[PDB]
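# Fold and geometry: a report
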Protein chains: 2
Amino acid sequence: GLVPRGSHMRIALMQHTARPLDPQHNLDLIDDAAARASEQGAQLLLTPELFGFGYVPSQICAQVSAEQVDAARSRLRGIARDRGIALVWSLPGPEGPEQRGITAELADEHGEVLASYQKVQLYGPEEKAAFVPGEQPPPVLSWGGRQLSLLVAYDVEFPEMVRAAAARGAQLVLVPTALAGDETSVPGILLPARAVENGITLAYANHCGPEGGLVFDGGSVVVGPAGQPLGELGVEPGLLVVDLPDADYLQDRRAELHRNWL
Amino acid sequence: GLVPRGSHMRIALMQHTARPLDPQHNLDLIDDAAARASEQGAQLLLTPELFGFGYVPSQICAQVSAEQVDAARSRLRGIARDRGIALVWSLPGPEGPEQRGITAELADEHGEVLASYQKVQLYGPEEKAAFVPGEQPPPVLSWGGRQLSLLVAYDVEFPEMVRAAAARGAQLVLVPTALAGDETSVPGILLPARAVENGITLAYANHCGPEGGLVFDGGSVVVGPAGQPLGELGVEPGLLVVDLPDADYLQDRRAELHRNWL
Ligand SMILES: NC(=O)c1cccnc1
Ligand SMILES: NC(=O)c1cccnc1
Ligand SMILES: NC(=O)c1cccnc1
Ligand SMILES: NC(=O)c1cccnc1
Ligand SMILES: NC(=O)c1cccnc1
Ligand SMILES: NC(=O)c1cccnc1
Ligand SMILES: [Cl-]
Ligand SMILES: [Cl-]
């Protein structure tokens, strides 16, 4: 409804089904969602992991060129600008098929790429055959009056990855994902702890429905610092729109000891 | 009931109210619980943080001598032996009042002290005025056919502390605690994640009721590797007895990167 009294940030999450190896289709879906989110007063749209090509790691490595990635990237940049909304997307990285990772990028409403990140924690043998793991910590940046950060999918299941973002100042962690197999423990158990154990908000945007030989769970969610869902979807396509309201674990943690004990 | 087919470990958790600065009373309560647990076929009893003197940090530092600590320790050792049950207790450490931490120790049914641990993550200004933080990682040891470990209270709220135990091989993490203030997020949100994110079982033994100017929450619980409660108490004194049944986060985590990013 109307933009509320105590809130200066409204975010949207796109939950949908991608078609493998059909970027025109999947990017048309992103464009649709961007327009709709913008019309509802959202200032940012989060979209799912590898959405533009589908979550099909082995086929991305075999069939998707660098030039095809770049064409999808340019189109997404154009959607951010033309729909007048900040956009988080996830594509393969820009290098050749044998050198690139899974990435996420944040563009603002003018189309500026503010931040780029390469997934550090690859999931399973197919991802590890198709992609190179990232080696850099999550980025943290001011946008819309808060410190935003990016992580991808499996990354968020590691407390260390969320802690790395929060140690840099993150307040809002945005996570494209691709979770199938009725893995209710990730949104149900791990995400709430990630939020509480850092005092942060996390947004988690999944595929749903039949795609790439899997049936994705949906369950997209925004979790606030008390671990509660600010908004959530079920198993069907949807656009989740959430107004964010404006123990000291981060100070208390004995990081110099912890780093020796991992 | 009868010791079940698929289980070779039955554990007990004592949840009760301590009297500040009255070790005879509080250790009599531990003895009672040890006897009862042993009669029910439990092989180990976990008891709460600082139970023998009450959770009264400032008064422990002002009034409880080293010699008084040692007398309580010897009595607890005797309860393990005389009740024929392994026992986890938590007392101040053995040094002078200005040099000692909060500790936990595991004795076997013969009274052998198998392991000792000093709380690394002190909670709040009163603990930090009264006790020295520990500097050593959690111990991990074979007992009863599994790898057991110790952590104390606030420690378990840090993913790094549980990860440190699991990295050493822990399967069962035993946690004396003292949690008041209706802090439902610790057992409700953090403990289940600790268990899932390492694939371990955790046992969490709280005070309950009015003690030391607080009203403790109870909520003692054993959480298995899927994050579910194997057994749980409410707010009243009780003895929880649980039979333990017999993603690869621990291998997949990029620990050499994580250690640079905390
Ligand atoms: N954004 C607003 O102007 C507004 C007006 C009335 C009620 N809520 C919000
Ligand atoms: N995908 C990306 O992260 C990226 C970063 C810089 C340039 N092109 C792509
Ligand atoms: N896409 C992912 O990183 C993933 C898939 C399955 C489980 N957890 C994470
Ligand atoms: N421990 C046992 O002998 C037993 C016997 C029957 C049923 N369950 C356990
Ligand atoms: N409380 C303890 O940890 C301890 C260890 C060794 C000797 N005495 C006490
Ligand atoms: N006893 C503790 O370490 C403690 C107290 C309050 C909150 N969390 C932990
Ligand atoms: Cl919340
Ligand atoms: Cl479980």
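Every chain here is numbered from 1 following its written sequence, a scheme that can differ from the numbering in the entry; residues without coordinates are not drawn. Naming scheme: in the order in which they are written, chains are lettered from A and ligands are numbered from 1. Values reported for side chains reflect all heavy atoms of the structure, with hydrogen atoms and water molecules removed beforehand. Residues with missing side-chain atoms are left out of burial classes, side-chain pairs and their counts.

For this coordinate set, the PDB header names X-ray crystallography as the determination method and states a resolution of 1.3100 Å.

### Section: the side chain of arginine 100 of chain A
Residues and elements named next belong to chain A. Relative to the helices and strands, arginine 100 resides in the loop between β3 (86-89) and β4 (103-107). The side chain of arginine 100 sits in the buried core without any salt bridge; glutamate 95 is the nearest counter-charge, 6.8 Å away. Any pair of N or O atoms that falls within 3.5 Å is considered a polar contact. Within protein, one atom must be able to donate a hydrogen and the other to accept it, and sequence-neighbouring residues count only if both atoms are side-chain atoms. Looking at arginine 100, its side chain comes within polar contact range of the main-chain oxygen of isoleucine 60, at 3.0 Å. Only DSSP runs of H or I covering at least 4 residues are called helices, and only runs of E covering at least 2 are called strands; the numbering of each starts at the N terminus. Relative accessibility under 20% of the residue-type maximum defines a buried residue, over 50% an exposed one, and the middle range a partly exposed one, all with a 1.4 Å probe and only protein chains included. In this tally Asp and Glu are treated as negative and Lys and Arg as positive; neither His nor the chain ends contributes. Salt bridges are defined by distance alone: a side-chain nitrogen of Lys or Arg within 4 Å of a carboxyl oxygen of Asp or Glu.

### Quick look at the relation of the copies chain A and chain B
We line the copies up by least squares, and the atoms we fit are the C-alpha atoms. At an RMSD of 0.0 Å, chain A and chain B line up after a rotation of 180° and a shift of 0.0 Å along the axis. Taken together, these values place the two copies in the relation of a two-fold axis. Within chain A, the C-alpha atom positioned nearest to the axis of rotation is that of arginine 259 of chain A, 2.3 Å from it. Counting the interface residues of chain A, we find that 100% of their copies in chain B are interface residues as well, pointing to one common contact surface. Note on definitions: a residue-residue contact is assigned when non-hydrogen atoms from the two residues lie within 4.5 Å.

### Some points on the site of ligand 2
Residue and element names in this part refer to chain A. Surveying the vicinity of ligand 2 reveals the residues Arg73, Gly93, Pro94, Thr103, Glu105 and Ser116. Within the contact set of ligand 2, a nitrogen atom lies 3.0 Å away from a side-chain nitrogen or oxygen of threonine 103. A 1.4 Å probe and the Shrake-Rupley method give the accessible areas. Residues count as covered only by the protein chains that appear here. Surface burial for ligand 2 is 69%, taken as the share of its 260 Å² of free accessible area covered by protein chains. Three classes are used: nonpolar for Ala, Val, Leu, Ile, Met, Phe, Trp, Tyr, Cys and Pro, charged for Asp, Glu, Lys and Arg, and polar for all others, with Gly counted as polar. Here the residues of the shell around ligand 2 are counted per class, giving one nonpolar, three polar and two charged. For each residue, the test is whether any non-hydrogen atom lies within 4 Å of the molecule or strand; if one does, the residue is near.

### Regarding helix α6 (residues 185-198) of chain B
Residue and element names in this part refer to chain B. Taking 1.5 Å per residue as the helical rise, α6 with its 14 residues ought to reach 20 Å, and the 19 Å between its terminal C-alpha atoms agrees with that figure. Of all 14 residues in α6, 12 are buried; the element is thus mostly enclosed. Those residues of α6 lying buried are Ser185, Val186, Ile189, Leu190, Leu191, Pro192, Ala193, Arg194, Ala195, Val196, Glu197 and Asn198. Positive backbone phi, approximately 60°, marks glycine 199, located one or two places after α6. In this analysis, the expected span of each helix is defined as 1.5 Å times one less than the number of residues it contains.

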